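A.B. asks: Sequence, then structure. It's an experimental one.
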Amino acid sequence: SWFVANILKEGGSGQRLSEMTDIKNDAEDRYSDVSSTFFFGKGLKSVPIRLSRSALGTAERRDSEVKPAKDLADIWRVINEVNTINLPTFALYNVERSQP
Amino acid sequence: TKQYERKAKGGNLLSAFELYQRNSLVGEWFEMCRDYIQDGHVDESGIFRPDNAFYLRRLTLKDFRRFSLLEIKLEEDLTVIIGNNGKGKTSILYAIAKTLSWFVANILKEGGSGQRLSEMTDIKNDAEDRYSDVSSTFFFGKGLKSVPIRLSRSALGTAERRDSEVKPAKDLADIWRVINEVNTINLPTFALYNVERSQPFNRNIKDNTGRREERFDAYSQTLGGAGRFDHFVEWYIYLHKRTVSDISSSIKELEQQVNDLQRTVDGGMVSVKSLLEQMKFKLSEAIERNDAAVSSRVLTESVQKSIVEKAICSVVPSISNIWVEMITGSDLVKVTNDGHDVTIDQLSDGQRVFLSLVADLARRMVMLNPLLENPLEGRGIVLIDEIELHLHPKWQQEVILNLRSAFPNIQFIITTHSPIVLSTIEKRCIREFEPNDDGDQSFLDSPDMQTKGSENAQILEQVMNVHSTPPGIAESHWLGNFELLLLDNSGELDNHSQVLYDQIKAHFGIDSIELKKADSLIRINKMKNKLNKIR
DNA sequence: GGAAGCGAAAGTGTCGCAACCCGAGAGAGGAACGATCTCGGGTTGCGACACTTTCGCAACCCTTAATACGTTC
């Protein structure tokens, strides 16, 4: 979602982990991390992104690290603005696809 | 009359009831009707069995949707409908659900109307007669071997009208309604669970308006297709609050308040008379509700809660416990799922959907069967479309057994495309739906193979008509090709056969069944060739 | 008068949407925090429509009729 938001708009915001549901219920340290590493050719072998969330009512908040996603998405957006390029497709098809 | 008396004494339920209605030995006839409905025995397995069973025996569809004429015999316990064409399977469940609506309507209200066939969608497009019929026959003990119902609809502008024939269903539903009004009896459960049951959960749940406590809320939206899992949660939280509270303490407290207020009015404070009258009304209402609750012979809230919790935990394998927690001044249902305590909205979709089905069904059965030692041994008919929806193979091997064990006297009519499910079911329960290119079929057949306790791979091939190995994958043909090469070269591994052997070894591995079969082929063919050379 | 089934008329309850509010969070301006904008969750009012309840059309002709042909009620 962070790539999509930033391809569409500069400084666009993607989605975030839920502080109600996404933190493990018996986590002693009361925060959750989703760390992803993307690859874009030999020129950009590692694009790390981390989504983080601290549990509700925790004194100290853990920040997500999304700048590399934004930086890469910026390249797609800016280059496309000047001269049309092909863009990556991102899609999720969940079980709700069946619902009328 | 004397004739009705003879038939009634012979055990005819309708005659007994007619005599009851005319005389309203009025007590004798009432007792006979009530005993017909309530009498039963506990079998060797410790399960209560009604002396007079209730189930759907037969269904006929005439010029209905894609069917010119279709006849289905149903089993008393379990009927499973299978086939590729799922839109015809669903039409069958819709037909049954509409018929059952007529029982529900008349149990709730004298002169209640169930649902009707549509002139637009339910009549077959090329019907010569331009009408549709859905005919059902129900069984209710040897005293009422046949309860026929027909739902009919004609096209607009036809010379004659085709009307529904619903009187026998209404007459039977009237017996249940009237006898229940005088003396509480157990009542049948009717429910439909469509693919719609797979829906997201609203975490935010409604305050107790007080409708969920009423016994005939058990019939609310019962044939809608989704259940009402929201109603379960509200009802279950309500049950918890009543269990932690005491009943009659409010009455005792209200009694004390009315006594204190009465003393104030007797002491000369006439300004508080209006408030006294209001409080007296509240007290009377509380007593009446208590008395009505007492009159309705309904199980204690604690027992109700226990029954449902046990049912859920028995039927749903991942759930070992369910309870209501009071955290942050709001009631949350929690479950122990796979050894870990979680909220309902943290459950996987498969677990939630199945939990929802069982919870809803158990709630309704508890509400409708207050006089049974185990309310889940009540009577009823339950329709489930696509039972394997969201379930892993391991659960598919348990689901029918668990349901049948928890609800032993329910008639289940289900649809599936799972061979794993079919491995747990007798072939007599299976009805195969293979329509023509026009969608029309005349009878539904049982498979020739016995499915119960058979291997899944056999059911795939013999019942579902699907190869056990994927034909579109080249590697699926290598062993066959290998065999042919071996037979072409008088059983000796030539260069070509060796290459393919090595490919099989490389792809499937050294310990694969495929390689063992190849090895076996080599050994056998070498030995056969040696024999041929000796000869 | 009013069976049995059916639907008109009229009243009530449900429920999903739109508009709004709130706190959280990444991090513009330029170089110290935290501006502005969007995410995600909750509340509340509204109104279309589903659901519920009552009414009323008119089968039957009661054990119980007579038989030359017409007319009328």
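C.D. replies: Arrived safely, thanks for sending. Numbering: from 1, shown residues only, chains lettered A, B, ... in the order given.

A.B. asks: what's residue A:15 in contact with, if anything?
C.D. replies: By Cβ atoms under 8 Å, 6 or more residues apart in numbering or on different chains, the contact set of residue A:15 is A:1, A:2. From N, CA and C alone the C-beta is placed, and that goes for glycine too.

A.B. asks: how about 10 Å then?
C.D. replies: Residues in contact with residue A:15 (Cβ atoms under 10 Å, 6 or more residues apart in numbering or on different chains) are A:1, A:2, A:4, A:5, A:51.

A.B. asks: Residue B:240 versus residue A:7, what's the distance?
C.D. replies: Using Cβ to Cβ, to the nearest Å, residue A:7 is found at 49 Å from residue B:240.

A.B. asks: Look at residue A:76 and give its secondary structure.
C.D. replies: Here residue A:76 is recorded as helix under DSSP: H, G, I helix; E, B strand; the rest coil.

A.B. asks: ok, it - how many residues close by?
C.D. replies: The burial count assigned to residue A:76 is 16, neighbours taken as other Cβ atoms under 10 Å in any protein chain shown.

A.B. asks: Contacts only, for it.
C.D. replies: A:3, A:6, A:7, A:85, A:86, A:87, A:88.

A.B. asks: circling back: just checking: which of the contacts of residue A:15 also lie near DNA strand C?
C.D. replies: residue A:5 (Cβ under 7 Å from any atom of the strand).

A.B. asks: What about chain B: which of the contacts of residue A:15 touch it?
C.D. replies: Among the contacts of residue A:15, no residue sits close to chain B (Cβ under 10 Å from any Cβ of the partner chain).

A.B. asks: Among the contacts of residue A:15, name the buried ones.
C.D. replies: Among the contacts of residue A:15, those buried by neighbour count (16 or more other Cβ atoms under 10 Å in any protein chain shown) are A:2, A:5, A:51.

A.B. asks: shouldn't residue A:80 be in contact with residue A:88?
C.D. replies: No. Between residue A:80 and residue A:88 there is no contact under Cβ atoms under 10 Å: 11.3 Å.

A.B. asks: possible to save the contacts of residue A:76 as JSON lines with secondary structure and neighbour count?
C.D. replies: Below are these laid out as JSON lines (DSSP: H, G, I helix; E, B strand; the rest coil; neighbours: other Cβ atoms under 10 Å in any protein chain shown):
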{"residue": "A:3", "secondary structure": "helix", "neighbour count": "20"}
{"residue": "A:6", "secondary structure": "helix", "neighbour count": "23"}
{"residue": "A:7", "secondary structure": "helix", "neighbour count": "19"}
{"residue": "A:85", "secondary structure": "coil", "neighbour count": "11"}
{"residue": "A:86", "secondary structure": "coil", "neighbour count": "7"}
{"residue": "A:87", "secondary structure": "coil", "neighbour count": "10"}
{"residue": "A:88", "secondary structure": "coil", "neighbour count": "11"}
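
A.B. asks: Of all pairs in those residues, which one is the farthest apart?
C.D. replies: Taking Cβ to Cβ as the measure, the contacts of residue A:76 span a maximum distance of 17.2 Å, between A:6 and A:86.

A.B. asks: Would you mind listing what in chain A touches chain B?
C.D. replies: A:20-22, A:24-26, A:56-57, A:94-96, A:98-100.

A.B. asks: okay, the residues you listed in TSV with neighbour count and secondary structure next?
C.D. replies: Below are the residues of chain A next to chain B laid out as TSV (neighbours: other Cβ atoms under 10 Å in any protein chain shown; DSSP: H, G, I helix; E, B strand; the rest coil):
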residue	neighbour count	secondary structure
A:20	13	coil
A:21	12	coil
A:22	14	coil
A:24	12	coil
A:25	12	coil
A:26	6	coil
A:56	11	coil
A:57	8	coil
A:94	8	coil
A:95	13	helix
A:96	10	helix
A:98	10	helix
A:99	11	coil
A:100	4	coil
